[PDB]
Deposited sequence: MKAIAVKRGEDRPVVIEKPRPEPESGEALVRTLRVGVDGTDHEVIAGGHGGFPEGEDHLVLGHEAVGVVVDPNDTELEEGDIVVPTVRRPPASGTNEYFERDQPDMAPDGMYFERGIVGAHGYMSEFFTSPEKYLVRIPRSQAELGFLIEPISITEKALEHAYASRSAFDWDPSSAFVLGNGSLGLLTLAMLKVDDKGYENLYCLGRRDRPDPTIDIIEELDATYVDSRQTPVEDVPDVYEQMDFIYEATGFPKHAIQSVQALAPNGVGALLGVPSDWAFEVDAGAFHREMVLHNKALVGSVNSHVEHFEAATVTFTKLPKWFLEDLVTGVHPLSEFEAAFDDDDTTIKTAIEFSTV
C-alpha cells in the first residue's frame, strides 16, 4: 500500500505492506485525512517524534475511513469510523489508558499517531483497536476528518465550563484568539453552543480582503485585528469577555487574556508555544485572577466521548461554513497540493478512496 510520509532528513510517497489486524482490532480503508499544523511542523524539522527504529513517519492524525475487516470486533463491514489519536506507549498500558482517560496522560506516557512515536493515518489502510474507533453517521463521511478537531474543542469546553460550575455562571460574550482552522471551527461551535453567547469576537492579524475575515463576519462575529487592538486593550474598545479560547500559540495571549476576561470568566488555552521570556506585569495578572474569581484552564487532545459529542455539533454547523472552511480536498495523485499553505488556504485534506 501507499502512504505519505517524511523520511529522516518534504512529504513523499512511500510503499509498505498492508497491515493485518491483531485480535481486538479492525482493518480500516482510509477515505480522507486532514492536513494540520503539526503535519507542517514535521515536514519542517520536527523529526523527533519518529517511531523508534524507524527511518520515516507516516503523517496525519485527522482521519475518517470505512471498516473493511471487522475481524473479531463488534464493528460491521462498511461502518464509517474516525480513529482517536493516542495509543499506549512502547512500555505498555498505564493508568490513563486503563481508566479510559488517555487524553489526560502526561508527556512520555503515550504516543500520538502521526505526531509522536507512532505512524499516522495517511496510508491506504490502517488498523486500530475497536475501543479507539468511533462510528459516525455515514453522511458525515465526506468531512469526517473534521470530527477530530471538533473533538479538541468539545473537551476544552467541557473542562472550562466545569471550572465555572460551583456558581451560577451565565456568559454573554466569547472571544476566540486565532483565525486558523481550530479557531474558526471553534467560533462556529460557540455560535451554536447551549450557553447562548450573544456577542462573538475573533482575533487575527490579516489585511482585507481575506477569506478568514469573511468567515468571521458571515458568522456574525466581530473581527479584531491584533495589530490595531492588543488583547489587553479589547475591553476598552469592545467589552470584557466572559469566555476566551486561545488558539494562537502566542504566549503573550495566555497572559493578556486575564486582563480581557470579564469578572468570573474563564480562559481555555489550547496553543502550544516554545520557550520565550519577556517582561510581564505578574502582579496585575495575579491580582485580577484573584479579586475577580477568574480561571485559566489548559486542554490537549480528546477522547471518545468528545468525538461522539462532535458528531452532534457537526450537524448544527452552517453548511455554507463547512464549504468555506475546507479550501481543498486533493486526490492522492495530487497530494503535494494539500501541503501548500498561504493566507487563502484554510483547511485541506487528502482523499485516498471514496464511498
| query | finding |
| --- | --- |
| Unmodelled ranges, which are counted on the deposited sequence from position 1 and given in order | 10-11 |
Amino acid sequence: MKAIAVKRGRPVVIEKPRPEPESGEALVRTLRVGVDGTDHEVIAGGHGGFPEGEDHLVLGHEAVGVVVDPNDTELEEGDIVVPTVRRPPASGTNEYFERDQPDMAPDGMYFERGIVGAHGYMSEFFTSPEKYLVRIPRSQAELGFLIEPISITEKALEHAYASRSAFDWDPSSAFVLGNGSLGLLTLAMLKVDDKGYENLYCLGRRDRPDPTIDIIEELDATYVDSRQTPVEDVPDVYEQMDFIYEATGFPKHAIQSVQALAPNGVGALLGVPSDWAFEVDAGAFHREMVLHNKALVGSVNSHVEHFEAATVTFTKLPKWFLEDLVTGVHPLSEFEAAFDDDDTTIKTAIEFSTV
From here on, numbers count along this sequence of modelled residues.
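Rigid core here is just the name for the largest C-alpha set that superposes within 1.5 Å across the two forms.
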property: RMS Cα shift after core superposition in 4 other deposited structures of this protein, winner of 130-138 and 269-277; result: 269-277
property: 113-121 versus 145-153 - which carries the larger mean C-alpha B factor in the record; result: 113-121
property: Residue stretch of maximal mean CA temperature factor, 156-164 vs 91-99; result: 91-99
property: Top Cα B factor in the deposited entry, candidates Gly34, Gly65, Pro318, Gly298; result: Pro318
property: Residue selected from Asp210, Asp242, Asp193, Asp275 by maximal Cα B factor; result: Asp275
property: For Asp214, the third of its chain into which the C-alpha B factor falls; result: middle
property: For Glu323, the third of its chain into which the C-alpha B factor falls; result: middle
property: CA B-factor ranking of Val42, expressed as a third of its chain; result: highest
property: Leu185 CA temperature factor, ranked by third within the chain; result: lowest
property: Cα B factor band for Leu75 (lowest, middle or highest third within the chain); result: highest
